[PDB]
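Written out below as structure tokens is the structure these notes cover.
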Amino acid sequence: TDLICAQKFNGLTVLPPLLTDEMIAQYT
Amino acid sequence: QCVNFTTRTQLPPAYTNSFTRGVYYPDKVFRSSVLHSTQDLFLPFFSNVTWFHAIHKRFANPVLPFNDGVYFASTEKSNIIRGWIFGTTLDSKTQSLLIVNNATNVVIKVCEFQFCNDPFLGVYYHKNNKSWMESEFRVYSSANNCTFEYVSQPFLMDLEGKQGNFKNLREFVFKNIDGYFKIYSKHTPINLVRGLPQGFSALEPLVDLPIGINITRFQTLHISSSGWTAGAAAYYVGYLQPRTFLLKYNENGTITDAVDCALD
Amino acid sequence: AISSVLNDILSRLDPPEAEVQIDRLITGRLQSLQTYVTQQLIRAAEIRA
Amino acid sequence: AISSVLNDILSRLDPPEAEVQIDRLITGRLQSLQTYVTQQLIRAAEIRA
Amino acid sequence: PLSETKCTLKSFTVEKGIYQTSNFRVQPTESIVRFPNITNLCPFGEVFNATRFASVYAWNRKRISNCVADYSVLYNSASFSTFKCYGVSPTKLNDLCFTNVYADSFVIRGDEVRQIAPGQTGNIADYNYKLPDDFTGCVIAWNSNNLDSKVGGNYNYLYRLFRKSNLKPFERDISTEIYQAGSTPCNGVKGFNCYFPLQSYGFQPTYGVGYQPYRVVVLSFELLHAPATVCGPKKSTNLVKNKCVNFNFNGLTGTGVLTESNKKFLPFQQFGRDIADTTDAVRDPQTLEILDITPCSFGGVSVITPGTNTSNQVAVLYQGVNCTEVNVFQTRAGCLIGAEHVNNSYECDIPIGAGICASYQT
């Protein structure tokens, strides 16, 4: 396992990962 | 007025435990789905509260001290207790605070009150056109030098006499912040014989009283002229303490849980 | 400081007096931000290992 | 500050005046304790490795 | 935007790749201050023009709640003898909303001016009244030597010279009886090397400053979360939603988008707060309404450009926002302008993020 949008209001930005989970399953 | 009732006898203090009682909204700030930990004047869980009662030949009216604030839990059937009298000397020598419930609104007045020995609000002759409305006022003989007056919103109260176990439950929390009097009120039906029912309820702010007088003692206005009696009732007097609670807030802003971290 | 809200210090104390209370919030929040960055640089070495 | 002893400041200056000297003692000891904890986190990474 | 990267890299040659430069933010386009109509005006002039005050330990007080008070008549400038205030003058207090206000009135002597101050001691400060360290108001003094002074001294006002203990700030002792003066209890009536604790003022119009009476008015301010129905000369300032604006609601000044929400508040609950203990949703002090405080849009700016020796083409990438104003495309990272989207898959050149990369091709 929203807390993401709540923290983005105070100036804390969550950066998206370059490698998506679907591309992770392809490497696997 | 100055003559006590024939059924008036001071009953021995009994004690009992208050399960979650003493919890209330600490402020007017709304919160949703969070855990707030604050420290204010509270009643600790599993503490001991004094148990007084009145019947048709044992009627107890002792005067109890008021220092840091108190907790009141009143279980009622016909709503025996219509209010309370506050003050230091509880006479006309100084100011006094009365909260009177007429089963319409909340009457609150601060004046110089001449205090009769047995405060009484006359209700009689229920045979025809009862209405359960007060008639005679034996509580105070005269009033003057009024520094404060207040009238709250209209409420509803059932004064009709009933039989069997207890039904209505009204819990009050009376505290003093820098002279400001703040009153908490909650009303829920219960099934109770003796003691307290196990449950959890939060008390909502009722009225704010920017008065500023000092109060060292308190008493209820009793009833339910020496031939007058009282009905079946029981009430509880607690004492607030600087306890820290962890309050659980739901999506609607009502407290669904409380934790006293000073107990276990 | 007197209050953690910026709009309070600006609306309460004069601009010459407000620079003192704002500086108290700057130094504290700077150390609080440097503390987070320091902890993340330490956790970054553990996740790379 | 004037002195590192707490009882010396409270028994000499005024309560409003002592808050300035005590604040200097607190902020000085906050950074010293923060330096040790930061030093332990770095040294623990070498021991963990 | 390419030059923003040049000043970010501190060089005129921008290498090929993605670089972060600045942070975009939506500025408030309006100012909404919404408060209902005014009820009455505070007796700001009646406390200064009063015939006579009480003594220092007997000080009379007039409690006026529901700020803002009357800002029309202001004596704070060169009206009286001594004006010493903290925070902002009452000229700027018209923009602040306070719950209760305690107006204190008492008359002191010349050498007692320095003794009146928050968190400060003194003869009448300890033994009569002391201002609390939380005092945000103004301390006003005027020279009454032409009025309150009497021939042979004015004994109407009183002051307590000695007391068994020092009084805390904001505490009143009116007792005029005879109490212990020194360290030896004398058991009531004066004697046995004790002194009569109460004293009468010597106000003489013909003596110096020390014997000159000074009328002092102290306005004590208390700020709480209670709602305020009066702020400034502008009251309604009709509400405008769905826009980034500077709002002042129930005394809470801030900048944010105003959006209507379904949040249900209890009748005694004025406003809520979020997980950060900051203003979330507030209620209309004028009518019955519940308005949500939405923070205005902001985010980081990313510049996607090839090397300086390649070309001048620049692709600006906004982080975590949808661009509704505006080669305008949207990805999982945010709005991306200045680039073309190709359905074909190529080897990653300049990573955009979220499984998407940018490259400079034909």
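For the structure tokens, the naming scheme is as follows: chains receive sequential letters (A, B, ...) according to their order of presentation, residues are indexed from 1 within each chain, and ligands are indexed from 1 in presentation order.
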
Please superimpose chain C upon chain D, fitting all C-alpha atoms matched one to one in order, and report the result as a short mmCIF file (atom, residue, chain, number, x, y, z; two decimals) with N, CA, C and O atoms, in the first residue's frame.
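Result file follows (superposed_26.cif):
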```cif
data_model
loop_
_atom_site.label_atom_id
_atom_site.label_comp_id
_atom_site.auth_asym_id
_atom_site.auth_seq_id
_atom_site.Cartn_x
_atom_site.Cartn_y
_atom_site.Cartn_z
N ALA C 1 25.28 33.03 25.96
CA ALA C 1 24.43 33.48 27.06
C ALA C 1 25.29 33.94 28.23
O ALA C 1 26.52 33.96 28.17
N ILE C 2 24.63 34.32 29.32
CA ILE C 2 25.34 34.79 30.50
C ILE C 2 25.96 33.62 31.26
O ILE C 2 27.13 33.66 31.65
N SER C 3 25.18 32.56 31.46
CA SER C 3 25.64 31.38 32.18
C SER C 3 24.98 30.14 31.60
O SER C 3 23.82 30.18 31.18
N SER C 4 25.73 29.04 31.58
CA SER C 4 25.22 27.78 31.06
C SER C 4 24.34 27.05 32.06
O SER C 4 23.73 26.03 31.70
N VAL C 5 24.25 27.52 33.30
CA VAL C 5 23.45 26.88 34.33
C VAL C 5 22.03 27.44 34.26
O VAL C 5 21.84 28.66 34.17
N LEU C 6 21.04 26.55 34.28
CA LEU C 6 19.65 26.98 34.20
C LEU C 6 19.21 27.71 35.46
O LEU C 6 18.47 28.70 35.38
N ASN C 7 19.64 27.24 36.63
CA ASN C 7 19.23 27.86 37.88
C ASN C 7 19.77 29.28 38.01
O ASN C 7 19.22 30.09 38.76
N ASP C 8 20.86 29.59 37.30
CA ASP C 8 21.40 30.95 37.35
C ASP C 8 20.50 31.93 36.61
O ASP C 8 20.16 32.99 37.15
N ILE C 9 20.10 31.60 35.38
CA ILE C 9 19.29 32.51 34.59
C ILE C 9 17.95 32.77 35.26
O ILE C 9 17.44 33.90 35.26
N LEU C 10 17.36 31.73 35.86
CA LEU C 10 16.06 31.90 36.51
C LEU C 10 16.17 32.73 37.79
O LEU C 10 15.23 33.47 38.12
N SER C 11 17.28 32.63 38.50
CA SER C 11 17.46 33.35 39.76
C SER C 11 18.09 34.73 39.58
O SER C 11 18.16 35.49 40.54
N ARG C 12 18.57 35.06 38.38
CA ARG C 12 19.18 36.35 38.11
C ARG C 12 18.30 37.31 37.32
O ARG C 12 17.98 38.38 37.83
N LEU C 13 17.92 36.96 36.09
CA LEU C 13 17.12 37.83 35.24
C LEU C 13 15.64 37.54 35.40
O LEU C 13 15.22 36.40 35.63
N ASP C 14 14.84 38.60 35.28
CA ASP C 14 13.40 38.50 35.39
C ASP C 14 12.84 37.50 34.37
O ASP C 14 13.46 37.24 33.34
N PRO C 15 11.67 36.92 34.66
CA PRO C 15 11.07 35.94 33.74
C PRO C 15 10.95 36.46 32.32
O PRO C 15 11.21 35.70 31.37
N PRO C 16 10.55 37.72 32.09
CA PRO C 16 10.58 38.22 30.71
C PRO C 16 11.97 38.32 30.12
O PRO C 16 12.14 38.06 28.92
N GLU C 17 12.98 38.67 30.92
CA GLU C 17 14.36 38.70 30.44
C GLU C 17 14.99 37.31 30.41
O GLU C 17 15.91 37.08 29.61
N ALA C 18 14.53 36.39 31.26
CA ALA C 18 15.11 35.06 31.31
C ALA C 18 14.77 34.22 30.08
O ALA C 18 15.54 33.33 29.72
N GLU C 19 13.63 34.49 29.43
CA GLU C 19 13.25 33.72 28.26
C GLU C 19 14.20 33.96 27.09
O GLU C 19 14.31 33.11 26.19
N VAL C 20 14.89 35.10 27.08
CA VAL C 20 15.85 35.38 26.01
C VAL C 20 17.13 34.58 26.22
O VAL C 20 17.67 33.99 25.27
N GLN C 21 17.63 34.54 27.45
CA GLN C 21 18.87 33.82 27.72
C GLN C 21 18.68 32.31 27.66
O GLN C 21 19.58 31.59 27.22
N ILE C 22 17.52 31.81 28.11
CA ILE C 22 17.24 30.38 28.01
C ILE C 22 17.13 29.96 26.55
O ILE C 22 17.61 28.88 26.17
N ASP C 23 16.52 30.80 25.71
CA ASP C 23 16.41 30.49 24.29
C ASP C 23 17.78 30.38 23.63
O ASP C 23 17.95 29.64 22.66
N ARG C 24 18.77 31.12 24.14
CA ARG C 24 20.13 31.00 23.62
C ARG C 24 20.72 29.63 23.94
O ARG C 24 21.46 29.06 23.13
N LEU C 25 20.41 29.08 25.12
CA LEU C 25 20.87 27.74 25.45
C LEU C 25 20.09 26.67 24.70
O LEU C 25 20.64 25.60 24.42
N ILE C 26 18.83 26.94 24.37
CA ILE C 26 18.02 25.95 23.66
C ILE C 26 18.54 25.78 22.23
O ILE C 26 18.78 24.66 21.78
N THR C 27 18.70 26.89 21.51
CA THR C 27 19.14 26.82 20.12
C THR C 27 20.52 26.19 19.99
O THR C 27 20.75 25.39 19.08
N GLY C 28 21.44 26.54 20.89
CA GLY C 28 22.77 25.95 20.83
C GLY C 28 22.78 24.47 21.13
O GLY C 28 23.38 23.68 20.40
N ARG C 29 22.11 24.07 22.22
CA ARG C 29 22.04 22.66 22.57
C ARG C 29 21.19 21.85 21.60
O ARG C 29 21.39 20.64 21.49
N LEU C 30 20.24 22.49 20.91
CA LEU C 30 19.50 21.79 19.87
C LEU C 30 20.40 21.47 18.68
O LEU C 30 20.39 20.34 18.18
N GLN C 31 21.17 22.46 18.23
CA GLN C 31 22.13 22.21 17.15
C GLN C 31 23.22 21.24 17.59
O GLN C 31 23.71 20.46 16.77
N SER C 32 23.61 21.28 18.86
CA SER C 32 24.60 20.33 19.36
C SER C 32 24.04 18.92 19.41
O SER C 32 24.77 17.94 19.18
N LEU C 33 22.74 18.78 19.70
CA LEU C 33 22.13 17.46 19.71
C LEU C 33 21.85 16.97 18.30
O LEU C 33 22.00 15.78 18.01
N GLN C 34 21.44 17.87 17.40
CA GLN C 34 21.24 17.49 16.01
C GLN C 34 22.56 17.13 15.34
O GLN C 34 22.60 16.32 14.41
N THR C 35 23.67 17.73 15.80
CA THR C 35 24.98 17.38 15.25
C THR C 35 25.38 15.97 15.65
O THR C 35 25.92 15.22 14.83
N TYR C 36 25.11 15.58 16.90
CA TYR C 36 25.42 14.22 17.34
C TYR C 36 24.57 13.20 16.60
O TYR C 36 25.07 12.16 16.16
N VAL C 37 23.27 13.49 16.44
CA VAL C 37 22.39 12.56 15.74
C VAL C 37 22.80 12.43 14.28
O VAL C 37 22.77 11.33 13.71
N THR C 38 23.21 13.54 13.66
CA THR C 38 23.66 13.48 12.27
C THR C 38 24.91 12.63 12.13
O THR C 38 25.02 11.83 11.19
N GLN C 39 25.86 12.77 13.06
CA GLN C 39 27.08 11.97 13.00
C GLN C 39 26.80 10.49 13.26
O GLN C 39 27.44 9.63 12.66
N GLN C 40 25.85 10.19 14.15
CA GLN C 40 25.53 8.79 14.44
C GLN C 40 24.80 8.14 13.27
O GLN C 40 25.01 6.95 13.01
N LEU C 41 23.95 8.88 12.56
CA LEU C 41 23.30 8.33 11.38
C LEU C 41 24.30 8.07 10.26
O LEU C 41 24.08 7.17 9.44
N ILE C 42 25.39 8.83 10.21
CA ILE C 42 26.43 8.58 9.22
C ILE C 42 27.26 7.37 9.61
O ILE C 42 27.59 6.52 8.78
N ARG C 43 27.62 7.28 10.90
CA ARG C 43 28.36 6.11 11.37
C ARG C 43 27.51 4.85 11.35
O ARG C 43 28.05 3.74 11.29
N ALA C 44 26.18 5.00 11.39
CA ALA C 44 25.31 3.83 11.29
C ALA C 44 25.34 3.23 9.89
O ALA C 44 25.20 2.02 9.73
N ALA C 45 25.52 4.07 8.87
CA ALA C 45 25.62 3.55 7.51
C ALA C 45 26.95 2.85 7.26
O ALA C 45 27.02 1.94 6.43
N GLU C 46 28.00 3.26 7.97
CA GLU C 46 29.30 2.62 7.80
C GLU C 46 29.36 1.27 8.52
O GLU C 46 30.01 0.34 8.04
N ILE C 47 28.69 1.16 9.66
CA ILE C 47 28.74 -0.08 10.42
C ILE C 47 27.81 -1.13 9.80
O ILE C 47 28.06 -2.33 9.93
N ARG C 48 26.75 -0.69 9.11
CA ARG C 48 25.89 -1.64 8.42
C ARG C 48 26.55 -2.14 7.14
O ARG C 48 26.29 -3.27 6.71
N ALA C 49 27.40 -1.32 6.52
CA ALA C 49 28.14 -1.77 5.35
C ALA C 49 29.17 -2.82 5.73
O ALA C 49 29.39 -3.78 4.98
#
```

For chain E, report every residue with an atom at most 6 Å from chain A (counting only C-alpha atoms), formatted as a JSON list (two decimals) with C-alpha atoms, in the first residue's frame.
```json
[["chain", "number", "residue", "atom", "x", "y", "z"],
["E", 353, "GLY", "CA", 8.89, 10.68, -17.39],
["E", 354, "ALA", "CA", 6.01, 8.20, -16.99],
["E", 355, "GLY", "CA", 7.31, 6.00, -19.80]]
```

If we count only C-alpha atoms, what is near residue 63 (chain B) at a cut-off of 12 Å, once residues fewer than 2 positions away on the same chain are taken out, given as a ChimeraX atom specification? /B:10,52,60-61,65-66,84-90,117-118,216-221,237

List every residue of region 213-292 of chain E that DSSP, applied to the backbone of this structure, places in strand (DSSP E or B), and write the result as an MDAnalysis selection string. chainID E and resid 214:222 244:249 252:260 271:273 279:283 290:292

Can you tell me, as JSON, numbers by chain, which residues in chain A count as alpha helix (DSSP H) by DSSP? {"A": [3, 4, 5, 6, 7, 8, 21, 22, 23, 24, 25, 26, 27]}

Find the residues near region 96-113 of chain E: any atom within 8 Å, counting only C-alpha atoms, skip ones fewer than 3 places away on the same chain, and give them as a ChimeraX atom specification. /C:11 /E:47,53-56,58-68,92-93,116,122-124,157,209-228,230-231,250-251

Interatomic distance, CA of residue 57 (chain E) to CA of residue 77 (chain E) (Å, one decimal):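 We find that CA of residue 57 (chain E) and CA of residue 77 (chain E) lie 28.2 Å from each other.
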
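Computed from the coordinates, the CA of residue 171 (chain B) to CA of residue 6 (chain B) distance equals 29.4 Å.
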
Here is a test: counting only C-alpha atoms, which residue of E:134, E:298, E:52, E:72 is nearest to chain D?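 Closest candidate: E:134.
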
Mind dumping a table of every chain E residue within 8 Å of chain C, with the nearest atom pair and its distance in Å to one decimal, using only C-alpha atoms, sorted by chain and rising number, as JSON lines?
```
{"residue": "E:86", "atom": "CA", "partner": "C:13", "partner_atom": "CA", "distance": 7.5}
{"residue": "E:87", "atom": "CA", "partner": "C:13", "partner_atom": "CA", "distance": 4.1}
{"residue": "E:88", "atom": "CA", "partner": "C:13", "partner_atom": "CA", "distance": 5.8}
{"residue": "E:95", "atom": "CA", "partner": "C:11", "partner_atom": "CA", "distance": 7.8}
{"residue": "E:96", "atom": "CA", "partner": "C:11", "partner_atom": "CA", "distance": 7.3}
{"residue": "E:253", "atom": "CA", "partner": "C:7", "partner_atom": "CA", "distance": 6.6}
{"residue": "E:254", "atom": "CA", "partner": "C:7", "partner_atom": "CA", "distance": 7.1}
```

Do you have the CA of residue 208 (chain E)-CA of residue 163 (chain E) distance handy? 27.5 Å

For region 265-281 of chain E, please output as a PyMOL selection string all residues within 8 Å (counting only C-alpha atoms; exclusion window: fewer than 2 positions along the same chain). (chain A and resi 6) or (chain B and resi 28-32+34+205+252-253) or (chain E and resi 225-227+263+283+290-294)

Print the selection's residues with N, CA, C and O atoms to a file, as an mmCIF file, in the first residue's frame.
```
data_model
loop_
_atom_site.group_PDB
_atom_site.id
_atom_site.type_symbol
_atom_site.label_atom_id
_atom_site.label_comp_id
_atom_site.auth_asym_id
_atom_site.auth_seq_id
_atom_site.Cartn_x
_atom_site.Cartn_y
_atom_site.Cartn_z
ATOM 1 N N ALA A 6 -2.968 15.917 -0.768
ATOM 2 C CA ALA A 6 -2.949 16.759 0.423
ATOM 3 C C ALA A 6 -1.565 17.353 0.654
ATOM 4 O O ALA A 6 -1.438 18.509 1.075
ATOM 5 N N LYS B 28 -14.606 25.085 18.181
ATOM 6 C CA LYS B 28 -15.578 25.217 17.101
ATOM 7 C C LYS B 28 -14.971 24.866 15.747
ATOM 8 O O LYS B 28 -15.628 25.000 14.711
ATOM 9 N N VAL B 29 -13.717 24.426 15.738
ATOM 10 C CA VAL B 29 -13.003 24.080 14.516
ATOM 11 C C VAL B 29 -13.492 22.724 14.027
ATOM 12 O O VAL B 29 -13.523 21.750 14.788
ATOM 13 N N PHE B 30 -13.875 22.666 12.756
ATOM 14 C CA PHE B 30 -14.311 21.416 12.150
ATOM 15 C C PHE B 30 -13.111 20.595 11.697
ATOM 16 O O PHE B 30 -12.103 21.141 11.241
ATOM 17 N N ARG B 31 -13.225 19.276 11.827
ATOM 18 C CA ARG B 31 -12.225 18.355 11.313
ATOM 19 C C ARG B 31 -12.925 17.114 10.779
ATOM 20 O O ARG B 31 -14.027 16.769 11.215
ATOM 21 N N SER B 32 -12.280 16.451 9.822
ATOM 22 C CA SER B 32 -12.855 15.282 9.167
ATOM 23 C C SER B 32 -11.782 14.216 9.008
ATOM 24 O O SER B 32 -10.738 14.472 8.399
ATOM 25 N N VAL B 34 -9.590 12.699 10.974
ATOM 26 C CA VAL B 34 -8.274 12.946 11.550
ATOM 27 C C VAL B 34 -8.306 12.588 13.028
ATOM 28 O O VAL B 34 -9.368 12.411 13.630
ATOM 29 N N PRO B 205 -21.377 22.117 22.115
ATOM 30 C CA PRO B 205 -21.491 23.412 22.802
ATOM 31 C C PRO B 205 -22.916 23.936 22.753
ATOM 32 O O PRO B 205 -23.555 23.958 21.697
ATOM 33 N N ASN B 252 -18.448 13.401 9.079
ATOM 34 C CA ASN B 252 -19.433 14.425 9.399
ATOM 35 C C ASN B 252 -19.008 15.322 10.555
ATOM 36 O O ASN B 252 -19.733 16.267 10.883
ATOM 37 N N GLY B 253 -17.861 15.056 11.175
ATOM 38 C CA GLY B 253 -17.375 15.889 12.257
ATOM 39 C C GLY B 253 -17.829 15.490 13.643
ATOM 40 O O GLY B 253 -17.708 16.297 14.570
ATOM 41 N N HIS E 225 -11.184 32.216 17.435
ATOM 42 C CA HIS E 225 -11.766 31.704 16.195
ATOM 43 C C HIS E 225 -13.227 32.092 16.023
ATOM 44 O O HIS E 225 -13.840 31.675 15.030
ATOM 45 N N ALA E 226 -13.788 32.858 16.961
ATOM 46 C CA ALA E 226 -15.167 33.300 16.853
ATOM 47 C C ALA E 226 -15.351 34.164 15.605
ATOM 48 O O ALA E 226 -14.433 34.874 15.186
ATOM 49 N N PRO E 227 -16.535 34.118 14.995
ATOM 50 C CA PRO E 227 -16.757 34.898 13.771
ATOM 51 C C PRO E 227 -16.851 36.386 14.064
ATOM 52 O O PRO E 227 -17.229 36.802 15.161
ATOM 53 N N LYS E 263 -19.442 19.959 2.013
ATOM 54 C CA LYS E 263 -19.064 19.703 3.399
ATOM 55 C C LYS E 263 -20.143 20.190 4.359
ATOM 56 O O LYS E 263 -20.601 21.332 4.271
ATOM 57 N N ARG E 283 -17.311 29.317 6.631
ATOM 58 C CA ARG E 283 -18.723 29.633 6.483
ATOM 59 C C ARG E 283 -18.922 31.138 6.349
ATOM 60 O O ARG E 283 -18.154 31.938 6.891
ATOM 61 N N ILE E 290 -21.509 27.573 3.020
ATOM 62 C CA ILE E 290 -20.273 26.862 3.325
ATOM 63 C C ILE E 290 -19.406 26.888 2.075
ATOM 64 O O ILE E 290 -19.788 26.331 1.037
ATOM 65 N N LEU E 291 -18.245 27.529 2.172
ATOM 66 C CA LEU E 291 -17.353 27.727 1.037
ATOM 67 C C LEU E 291 -16.027 27.033 1.319
ATOM 68 O O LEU E 291 -15.483 27.149 2.422
ATOM 69 N N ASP E 292 -15.512 26.317 0.322
ATOM 70 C CA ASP E 292 -14.266 25.574 0.453
ATOM 71 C C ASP E 292 -13.108 26.426 -0.049
ATOM 72 O O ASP E 292 -13.235 27.129 -1.057
ATOM 73 N N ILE E 293 -11.980 26.361 0.654
ATOM 74 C CA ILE E 293 -10.774 27.084 0.264
ATOM 75 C C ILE E 293 -9.907 26.134 -0.553
ATOM 76 O O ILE E 293 -9.382 25.150 -0.028
ATOM 77 N N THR E 294 -9.755 26.430 -1.842
ATOM 78 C CA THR E 294 -8.930 25.628 -2.733
ATOM 79 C C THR E 294 -7.644 26.378 -3.042
ATOM 80 O O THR E 294 -7.706 27.533 -3.488
#
```

Select, as a short mmCIF file (atom, residue, chain, number, x, y, z; two decimals) with N, CA, C and O atoms, in the first residue's frame, those residues of chain B with any atom no more than 12 Å from chain E (distances computed using only C-alpha atoms).
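Contents of part-v4.cif, freshly written:
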```
data_model
loop_
_atom_site.label_atom_id
_atom_site.label_comp_id
_atom_site.auth_asym_id
_atom_site.auth_seq_id
_atom_site.Cartn_x
_atom_site.Cartn_y
_atom_site.Cartn_z
N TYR B 25 -16.50 18.36 22.31
CA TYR B 25 -15.82 19.08 21.24
C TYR B 25 -14.93 20.16 21.84
O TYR B 25 -15.46 21.09 22.48
N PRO B 26 -13.61 20.10 21.67
CA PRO B 26 -12.74 21.08 22.34
C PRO B 26 -12.88 22.49 21.82
O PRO B 26 -12.64 23.44 22.58
N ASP B 27 -13.27 22.67 20.56
CA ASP B 27 -13.38 24.00 19.97
C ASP B 27 -14.46 23.97 18.90
O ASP B 27 -15.15 22.96 18.71
N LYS B 28 -14.61 25.08 18.18
CA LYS B 28 -15.58 25.22 17.10
C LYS B 28 -14.97 24.87 15.75
O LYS B 28 -15.63 25.00 14.71
N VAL B 29 -13.72 24.43 15.74
CA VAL B 29 -13.00 24.08 14.52
C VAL B 29 -13.49 22.72 14.03
O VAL B 29 -13.52 21.75 14.79
N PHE B 30 -13.88 22.67 12.76
CA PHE B 30 -14.31 21.42 12.15
C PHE B 30 -13.11 20.59 11.70
O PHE B 30 -12.10 21.14 11.24
N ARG B 31 -13.23 19.28 11.83
CA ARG B 31 -12.22 18.35 11.31
C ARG B 31 -12.93 17.11 10.78
O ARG B 31 -14.03 16.77 11.21
N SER B 32 -12.28 16.45 9.82
CA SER B 32 -12.85 15.28 9.17
C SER B 32 -11.78 14.22 9.01
O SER B 32 -10.74 14.47 8.40
N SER B 33 -12.04 13.03 9.56
CA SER B 33 -11.20 11.85 9.36
C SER B 33 -9.75 12.10 9.79
O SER B 33 -8.80 11.77 9.09
N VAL B 34 -9.59 12.70 10.97
CA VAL B 34 -8.27 12.95 11.55
C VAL B 34 -8.31 12.59 13.03
O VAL B 34 -9.37 12.41 13.63
N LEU B 35 -7.12 12.48 13.61
CA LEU B 35 -6.95 12.21 15.03
C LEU B 35 -6.33 13.43 15.69
O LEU B 35 -5.16 13.75 15.44
N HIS B 36 -7.10 14.11 16.53
CA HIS B 36 -6.67 15.33 17.20
C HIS B 36 -6.36 15.01 18.66
O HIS B 36 -7.19 14.42 19.36
N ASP B 178 -11.11 32.01 31.59
CA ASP B 178 -10.79 33.42 31.80
C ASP B 178 -12.04 34.25 32.12
O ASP B 178 -12.19 35.38 31.65
N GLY B 179 -12.94 33.68 32.91
CA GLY B 179 -14.17 34.32 33.28
C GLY B 179 -15.35 34.01 32.38
O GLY B 179 -16.50 34.20 32.80
N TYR B 180 -15.10 33.52 31.17
CA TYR B 180 -16.16 33.18 30.23
C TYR B 180 -16.74 31.82 30.61
O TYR B 180 -15.99 30.86 30.81
N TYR B 184 -22.00 22.98 27.80
CA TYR B 184 -22.13 21.86 26.88
C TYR B 184 -23.40 21.07 27.20
O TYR B 184 -23.77 20.90 28.37
N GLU B 204 -22.06 18.61 22.56
CA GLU B 204 -22.01 19.79 21.71
C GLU B 204 -22.08 21.07 22.53
O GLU B 204 -22.77 21.10 23.56
N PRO B 205 -21.38 22.12 22.11
CA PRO B 205 -21.49 23.41 22.80
C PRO B 205 -22.92 23.94 22.75
O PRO B 205 -23.55 23.96 21.70
N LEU B 206 -23.42 24.36 23.91
CA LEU B 206 -24.79 24.85 24.01
C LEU B 206 -24.85 26.37 23.88
O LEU B 206 -25.31 26.90 22.86
N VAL B 207 -24.38 27.08 24.90
CA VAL B 207 -24.40 28.54 24.92
C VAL B 207 -23.09 29.05 25.49
O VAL B 207 -22.40 28.33 26.23
N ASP B 208 -22.74 30.29 25.16
CA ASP B 208 -21.57 30.95 25.71
C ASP B 208 -22.03 32.11 26.59
O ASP B 208 -22.89 32.90 26.19
N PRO B 210 -20.46 35.17 28.46
CA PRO B 210 -19.40 36.11 28.86
C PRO B 210 -19.79 36.91 30.10
O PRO B 210 -20.19 38.07 29.99
N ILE B 211 -19.69 36.29 31.27
CA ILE B 211 -20.14 36.90 32.51
C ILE B 211 -18.94 37.43 33.28
O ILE B 211 -18.74 38.65 33.37
N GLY B 212 -18.14 36.53 33.84
CA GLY B 212 -16.93 36.91 34.54
C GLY B 212 -17.00 36.83 36.05
O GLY B 212 -15.99 37.14 36.71
N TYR B 249 -12.33 11.69 14.67
CA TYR B 249 -13.35 12.42 13.94
C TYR B 249 -13.78 11.64 12.71
O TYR B 249 -12.95 11.07 12.01
N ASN B 250 -15.09 11.63 12.45
CA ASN B 250 -15.63 10.98 11.27
C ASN B 250 -15.75 11.99 10.12
O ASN B 250 -15.28 13.12 10.20
N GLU B 251 -16.39 11.56 9.03
CA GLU B 251 -16.55 12.43 7.87
C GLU B 251 -17.52 13.57 8.14
O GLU B 251 -17.43 14.61 7.48
N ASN B 252 -18.45 13.40 9.08
CA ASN B 252 -19.43 14.43 9.40
C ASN B 252 -19.01 15.32 10.56
O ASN B 252 -19.73 16.27 10.88
N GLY B 253 -17.86 15.06 11.17
CA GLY B 253 -17.38 15.89 12.26
C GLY B 253 -17.83 15.49 13.64
O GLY B 253 -17.71 16.30 14.57
N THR B 254 -18.35 14.28 13.82
CA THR B 254 -18.78 13.80 15.12
C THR B 254 -17.73 12.84 15.68
O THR B 254 -17.13 12.06 14.94
#
```
